[PDB]
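Just one chain follows, in the form deposited in one PDB entry, and it is written as structure tokens.
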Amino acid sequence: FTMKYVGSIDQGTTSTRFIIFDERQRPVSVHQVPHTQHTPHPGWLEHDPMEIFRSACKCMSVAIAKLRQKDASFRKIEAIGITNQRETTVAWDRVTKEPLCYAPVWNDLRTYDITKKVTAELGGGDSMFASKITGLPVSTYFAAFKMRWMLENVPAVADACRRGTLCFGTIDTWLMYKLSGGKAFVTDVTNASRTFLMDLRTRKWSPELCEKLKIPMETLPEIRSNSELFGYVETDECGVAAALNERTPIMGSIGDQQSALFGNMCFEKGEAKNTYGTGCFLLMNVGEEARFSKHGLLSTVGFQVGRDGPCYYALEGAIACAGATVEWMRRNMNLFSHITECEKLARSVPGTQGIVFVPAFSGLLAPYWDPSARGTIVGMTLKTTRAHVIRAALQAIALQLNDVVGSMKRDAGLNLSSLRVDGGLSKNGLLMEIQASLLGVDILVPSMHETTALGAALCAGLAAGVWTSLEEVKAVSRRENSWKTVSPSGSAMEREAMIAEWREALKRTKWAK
């Protein structure tokens, strides 16, 4: 009788937006609000959690209102899913319902000294002492250190903790907390797997990790799946409750990168997504047993649909950003003006004719690891032109992705089914070909590219009955938002020549000391 709509709040590193998705998985209304990136000292990043919570509410309320206008037939949101930046941590008080201090970003480096102290005191020297428990190396990224830090260097936080009134939260939790007026204090599994305090395999807070890091468990929220009731939105900031005009439940909460995996329909062992965002990540779905890395990839929770639903695990590798190289080529080097020029200039030549470009601008962080590596170009002749370099560029981007997928294949004990690209510089026709060829697989490019926000909408849609199964969901995608599939089309021969070059060229990149 009536159309169905599901809302996704997408809380990113530098902004927030609310996309309302159609029953046919169409983004039909959006609104973005940026938030200040506070940098008190070089290397520090903080976010005003109250600014963020107002952003979300505004985005929500503008977006609803816009639609009430261009679409009759839209009377309400069935359910709201939240997808958010991961490992930013928030500290707030059960009674004030106000944050104690700004929250440090996954980026933020303030935890450096706490990081080194843990590897030495608790790891015996070994940064990986807890990786079989968490899937994570000791690092400045993960929540628990940001938590330690705030208990260590913030008077309000330490007192609250001591008084018994402290809540630590990831952005999903903070958002569900405020959005619900304070009733909901919950976290989804993809997020909690980024705190350093969950047993990866059991998916419960680790008491042996909580006590060693003296993080009290009454400060932590209730771990839940990605899809199910988390609480209701009933707050009036910015008119939101009124806008919903209808008792809307939050039924979905999932980490961004994992949200991209999920909205790109990577439901099976083998499938992978490669997002280009503020960070660059490759996630591969490894199935129901958690696989652990040998080559410095993270082990994480892919997704989990329903409290007693199955939990699919993931390996995550941070690949260096493609756009970076294409940007520098253009901004710093003036190799092409700008725009589509990059692809046409690359397409305009057969191949690279001998040269390799390793864009190791800050070392190499793939399975190959060195910070001693610097951006290098080798094998140029007087015949070499900006055309070849820009190609070498694409090729090397494509090639880096392969080395990571290389490791991921080994640890996971499986072969890449396909790879989905999000369609950013993935607008790049040639890179797609270079990459599909190289990896031995169907590279997938979707026509509806709001895939991150979608992950969380699909999580909510499922919990609420907008869509009934991962089967139904994937049918609709193909019926409605037709993917474009790009086939491998090179020759086994050439593929190994491009890899040998690429490896022979990596033996040239060490310059830093």
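Between two forms, the rigid core is defined as the largest C-alpha subset superposing within 1.5 Å. Counting begins at 1, following the sequence as shown.
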{"property": "Residue range whose averaged C-alpha B-factor is higher in the record, 440-448 or 64-72", "result": "440-448"}
{"property": "Mean temperature factor over C-alpha atoms, higher-scoring stretch between 153-161 and 359-367", "result": "359-367"}
{"property": "C-alpha B-factor winner, where the candidates are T381, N332, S225, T195", "result": "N332"}
{"property": "Largest Cα B-factor, entry values, listed residues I82, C321, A387, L220", "result": "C321"}
{"property": "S482 CA temperature factor, ranked by third within the chain", "result": "highest"}
{"property": "B-factor third for the C-alpha atom of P137 within its chain", "result": "middle"}
{"property": "Relative C-alpha B-factor of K269, binned into the chain's lowest, middle or highest third", "result": "middle"}
{"property": "For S8, the third of its chain into which the C-alpha B factor falls", "result": "lowest"}
{"property": "Third of the chain, ranked by Cα B-factor, where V301 sits", "result": "lowest"}
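Keep in mind that the form solved in complex with a small molecule is missing from the display, and what follows is about it.
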property: Contact stretch among 92-100, 232-240, 377-385, 274-282 - heavy atom within 4.5 Å of the small molecule in the deposited bound form; result: 274-282
property: Contact of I443 with the small molecule in the deposited bound form (heavy atom, 4.5 Å); result: no
property: Contact of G423 with the small molecule in the deposited bound form (heavy atom, 4.5 Å); result: yes
property: In the deposited bound form, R201 touching the small molecule (heavy atom, 4.5 Å); result: no
property: Close approach of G351 to the small molecule in the deposited bound form, 4.5 Å, heavy atom; result: no
property: Of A120, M333, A324, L414, the one that lies within 4.5 Å of the small molecule in the deposited bound form (heavy atoms); result: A324
property: Partner-contacting position among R410, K344, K427, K183 - heavy atom within 4.5 Å of the small molecule in the deposited bound form; result: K427
property: Sole member of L244, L416, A373, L209 with a C-alpha shift of at least 2 Å between this form and the one not shown (core-superposed); result: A373
property: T134 C-alpha relocation of at least 2 Å between this form and the one not shown, rigid core basis; result: no
property: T235 C-alpha relocation of at least 2 Å between this form and the one not shown, rigid core basis; result: no
property: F292: Cα shift of 2 Å or greater between this form and the one not shown (core-aligned); result: no
property: Inter-Cα distance between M147 and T278 in the deposited bound form, nearer or further [3 Å or more]; result: farther
property: Sense of CA distance change between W369 and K146 in the deposited bound form, threshold 3 Å; result: closer
